[PDB]
Every structure is written in C-alpha cells, then in structure tokens.
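Participant: Just passing along the structure, written as structure tokens.
Backbone-built Cβ (ideal geometry, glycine too); neighbour counts: all protein chains shown. FYI, it's all coordinate maths here, none of it is from the lab.
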Ligand SMILES: *C(=O)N1C[C@H](NOS(=O)(=O)O)CC[C@H]1C(=O)NOCCN
Ligand SMILES: *C(=O)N1C[C@H](NOS(=O)(=O)O)CC[C@H]1C(=O)NOCCN
Ligand SMILES: [Cl-]
Ligand SMILES: [Cl-]
Ligand SMILES: [Cl-]
C-alpha cells in the first residue's frame, strides 16, 4: 500500500518501442507508484542529473558565488553549440553544459565531493574515477527511488547545505511553469540510459518523479519527457 | 538616449479600442522604451501589484514564515471562488487573494508599513487610509517607471529586506516558464485601471516591464497580458 505497481504505464513505453521505469511519489499521501518495482531500484550512472548535487556543493563551498556569476567559454569548440559560449549556473543547467560542471568538480576536489555526497546520502556515494567525470563514467550509481529520496530532501530544504544554496538550485531546475503546474527537473543521458528527474508543483500537492529508459541512440531523447508526461496525464496530475 | 518613445506600440492599444502605457527596460543596455512618456510617469493606485512589497515586508518581519505557511480561509464567502479556500504565499499571489494580504497588512501595522515603504522608496510612500486597504482605495500611488525601478531593485536583491525574502517573492511572482523565457510578474486592477508589472528573463538579458491601461469593466482584464505580449513580440523579446 505504501508502494504500488501500475503496469498499465508500460503501454507508454510499448507505444515507443522502448523500455524503462517511471516512479511517482505523492507527497501529501506519502505513497509511491511505479510500472516496474524492480527497475525502480536499479542504480545507474546519474549523468547530467548529477548537476543538481554538483550545483549544491559548488554553491555551498563558494565555488559558485550566485546564479549570475559568469563562467567564460574556454574557447574549445565542442559538439553541442550551446556549450561554446559563456554561462551562468542557470544557463549552465538549462543547456547541461558539462565542461562548466567539470570545472566545478575540479575546484570542489575529491575529498569534499565524496564528503558531500555522503552528507546527501546520494546513491552509492562512490566517486571513483576522474573527479571531473565520475558521474559520466566512474563508480557512482543511483536508482530512480534514490533520486526521489534525494529530491524530496531538496524540496524541503533538508539537505546539509544552506537554505540559500538549495533555493538557488531549485530556481535553476525550473523547466516549465503555467497556470496549471510548475515542473522543476533535470535530464541526463549516459549513452545507454536516459533520465528525467524532478517534481510537479500543484496548488496543494507536489508529485516527485524519476524515470529512466533504455536509450540506444540520441534520437529518442525527447521520449524521456514525452513518456513521463503521458503518465502524469494518465494519473490526472497534468491536463 | 536613456528613454525613447515608440508610438507604434499604440497600434496594440488601438487594436482593442483601449488606452494605456507599456514601459520596457533593457537591462543590459540600461535603456528604456515606452509608447507614452507622459503616461509612463503618471502615478496610479497599485492595487494587487502591491502584493509584491507586501509579501516582502510580511516575510522580512516574520508575519509570514515561509512560502508554505497556510492561511486558513476565514469562512467568509467572497465573489472570487478561488478566494474561499486555504492559501499559502504562492497560491495567495497566484490567485491575488486580497483578504490574505489585508491580514498581512493588519499584522505589519501602520508604523512598520510606512517605514518599509519609505525604505523601498516605493511610489509616493503614502499609506493614507485603512492600513488593510490603502493600496486599493487609499492615498498610495506609483507610476510604471517607478514600478520598473522597484522591480529592478528586487531583481538585484538590493531592497532593504533579506536576500531570502527577495528570493521567496520572486519565486511567488513566477508566472510563466518555458525554453524561451521566464516571466515573473503580478497583475492588478483598481476598478478603473489595470496593471501588469514584472520582467522577462532571457538567456543573456532581462527586460523589465510595467504596463497599465484604462479598464472600464473587468471583461477586458486579459488585455493586460495580451497587449504587453504583443509589444514584447514586436520587439522580438519573445517568439
Ligand atoms: C548529461 O547527461 N549530459 C550533458 C547533456 N545533457 O543532455 S540531456 O540529456 O538533455 O540532459 C548531453 C548528454 C550528457 C553528456 O554529457 N553526454 O556525454 C555522454 C552522454 N551522451
Ligand atoms: C487587485 O488588484 N485585485 C485583487 C484581485 N486580483 O485580480 S488581478 O487583477 O487579475 O490581479 C481581483 C482584482 C483586484 C480587486 O481587489 N478588485 O476590486 C478592486 C477593489 N478591491
Ligand atoms: Cl554533467
Ligand atoms: Cl523559481
Ligand atoms: Cl491586495
């Protein structure tokens, strides 16, 4: 009753010839829902979804002074045009500019990064690999339910960082807002798995979500949000 | 070249046999634009846009502890259905719930309300009339350009309240968010005059805006955003 399985959601993966898990948390009702209880606990590389805790650490250690501080383009031309320009934290999260956050990581350092993830209870708290790439190709792993447990602490300012830090990152996670709802979320792609994790704010409740799916090619990345919104629409969380 | 008149925007008021003013401020270029220099500097009752400074003062004085504190419906049935329910700061601003804010004002009190509005350099800084209604039927007045100045201070956290108070109110002002822009803004109506004030966040710039227009009946209230958005589209600030 605290966790329920709804296999009817699998049709949202089936219709797109894909496979994955959607995990929802109803905060008011303290209830979880997923299409696959097993895969909901499978831990994967966080990839770009690691920008949430990475932002928190860089803000709270003073590696990032605020959301307007500019991090200049390094002049290296990269495959994603939006990366080859100056960014602040907000645009850095919106375009998921990895090189910005790799520099963040180097400045944090191994010891403090590892110490902070333990304080966050984040995933398997393993940073083996390059200090500036372990969340792309090192030891760190996190499941969808783990993502939800981390996002809920952030929502309630219960992470061991300043309230200011936590508010700035939730500001930067802002994806969508209209008269019906607000989504604060972050996507990720590790070359094999696609992530979308965040929450949907409503007038009188909040719905946490975390999804991942098999992503053999970059062409289907749009599906991360499509399949999630189909689920939220089936559950009358969004119109 | 600080302020410039663009009378073409009058076509957007003319198109709806209406009259009023749009004022824009290009933050990067420190340059302002309006269709009506005279009306840009004319002072009106702020009405519900006063929820912005009221929220700031309520938070900073501790009348409001955070954005989730609930203010229960007093049971008085009022003409706007969304008012007859419990609200927190986010929903009270979203639904422009005056009784919530009149209670704020009553708890703030005349002496502190006056001192804070003076600290904010807000309008004519005159709170003559009922402490819980002076912004609707009292002696307080503010111009569109004065609105811009106030909002620019809030954006830059330069008001004489805490950084946290300013951040919470900008969160409460969140009106729209998509991949192209964010609008944080507040509407208002005093039964003769309609207001829309706020700003449009872009990747690399912010456009402040304050508009008002003659509002003989409530039926044209959506023109506040419609006419503003026509201007922003014309200036290519939004698609
Ligand atoms: C993080 O997951 N990133 C950065 C960027 N984010 O795109 S998103 O999936 O829309 O958030 C692109 C994908 C990924 C990478 O850094 N890419 O390197 C390996 C994954 N393709
Ligand atoms: C403030 O301007 N208000 C409160 C409420 N907000 O609607 S909005 O204009 O869409 O922000 C209704 C309109 C207005 C009134 O209070 N209306 O009566 C005027 C005297 N209170
Ligand atoms: Cl990253
Ligand atoms: Cl926000
Ligand atoms: Cl009000």
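Participant: Rg/Rh for the protein assembly as shown: what does it come to with C-alpha atoms and Rh from Kirkwood?
Facilitator: Values: Rg = 23.7 Å, Rh = 24.0 Å.
Using Cα coordinates only, the ratio equals 0.99.
Participant: Peptide A:156-163: average number of partner chain Cβ atoms within 10 Å per residue?
Facilitator: Details: counts 1, 1, 0, 0, 0, 0, 0, 3.
For this peptide, the per-residue mean of nearby foreign Cβ atoms is 1.
Participant: Within 10 Å of each Cβ of A:171-178, how many other protein chain Cβ atoms are there on average?
Facilitator: Mean shielding by partner chains, rounded to a whole number: 4.
Participant: Work out, step by step, the length gained on full extension between residue A:236 and residue A:72: first 0.36 nm times the residue separation, then minus their alpha carbon distance; give nm to one decimal. Don't skip to the answer; put the middle values down first.
Facilitator: Numbers: separation 164, 0.36 × 164 = 59.04 nm, distance 4.29 nm.
Fully extending the segment from residue A:236 to residue A:72 adds 54.8 nm.
Participant: Post the alpha-carbon centroid distance, the stretch A:175-237 to the stretch B:1-21, in whole angstrom.
Facilitator: Distance between centres, Cα-based: 41 Å.
Participant: Sorted from largest to smallest, which semi-axis lengths in Å does the alpha carbon gyration tensor of chain B give for its equivalent ellipsoid, taking the root of 5 times each eigenvalue?
Facilitator: Taking √(5λ) for each eigenvalue gives 28, 19, 18 Å, largest first.
Participant: Restricting to the protein assembly as shown, compute how many DSSP beta bridges are antiparallel as a %, nearest 5.
Facilitator: Details: 69 of 75 bridges.
In the protein assembly as shown, DSSP labels about 90 percent of beta bridges as antiparallel.
Participant: Can I ask one more? Have a look at the DSSP beta bridges in the stretch A:3-234 and tell me what percent are antiparallel, nearest 5.
Facilitator: Expressed as a percentage, antiparallel bridges in the stretch A:3-234 total about 90.
Participant: Shortest first and in nm with one decimal, please list how far the residue A:118 label point sits from its counterparts in the other copies (point 7 Å along Cα→Cβ).
Facilitator: 5.4
Participant: Given 5 Å bins starting at zero, what is the percent of C-alpha pairs of the stretch B:42-89 in each, up to the one with the largest pair distance?
Facilitator: 5, 18, 19, 21, 22, 10, 4, 1
Participant: As a footprinting exposure proxy, order A:80, B:142 by other Cβ within 10 Å, with the fewest listed first. The partial results should precede the final answer.
Facilitator: Numbers: A:80 11, B:142 27.
So the ranking, lowest neighbour count to highest, is A:80, B:142.
Participant: Calculated FRET efficiency, residue A:137 and residue B:203, Cβ-Cβ r, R0 30 Å, to nearest 0.05?
Facilitator: 0.55
Participant: If you take each beta carbon of peptide B:148-154 and count the beta carbons of other chains within 10 angstrom, what is the mean?
Facilitator: Mean inter-chain Cβ contacts per residue within 10 Å come to 0.
Participant: Same structure, new question: If you take the beta carbon distance between residue B:226 and residue A:128 as r and set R0 to 60 Å, what does 1/(1 + (r/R0)^6) give as a FRET efficiency, to the nearest 0.05?
Facilitator: 0.60
Participant: Then there's this: How much length, in nm to one decimal, is gained on full extension between residue B:28 and residue B:217, taken as 0.36 nm per residue of separation minus their Cα-Cα distance? Working shown, then result.
Facilitator: Details: separation 189, 0.36 × 189 = 68.04 nm, distance 3.72 nm.
My answer for the length gained is 64.3 nm.
Participant: Continuing with this model, one more query. Give the chain A residue with the shortest beta-carbon distance to the rotation axis relating chain A to chain B, plus that distance as a whole number of Å.
Facilitator: Nearest-to-axis residue on chain A, with distance in whole Å, is A:177, 2.
Participant: Distance from the Cα centre of the stretch A:72-145 to that of the stretch B:41-100, in angstrom?
Facilitator: 40 Å
Participant: Quickly rank B:102-108, B:20-26 as a protection proxy: mean count of other C-beta atoms within 10 Å, highest first.
Facilitator: Values: B:102-108: 18.9, B:20-26: 23.7.
Packing order, densest peptide first, comes out as B:20-26, B:102-108.
Participant: Determine the calculated [θ] at 222 nm for chain A from helices alone, applying -39500 (n - 2.57) to every DSSP H run no shorter than 4 residues and normalising by the residue count; nearest 500 deg cm²/dmol. Walk me through the numbers on the way to the answer.
Facilitator: Numbers: 9 runs with 82 residues, N = 239.
So the calculated ellipticity at 222 nm is -9500 deg cm²/dmol.
Participant: Residues in the stretch A:216-239 near a label at residue B:85, defined as backbone nitrogen under 12 Å from the 7 Å Cα→Cβ point?
Facilitator: none
Participant: How far apart are the residue A:191 label points across copies, placing each 7 Å from Cα toward Cβ, in nm, shortest first?
Facilitator: Once sorted, the set of distances for residue A:191 reads 6.9 nm.
Participant: In addition: On a 0 to 90° scale, report how tilted helix A:144-155 is relative to the longest principal axis of chain A, with both axes built from alpha carbons and the result rounded to the nearest 10.
Facilitator: 70 degrees
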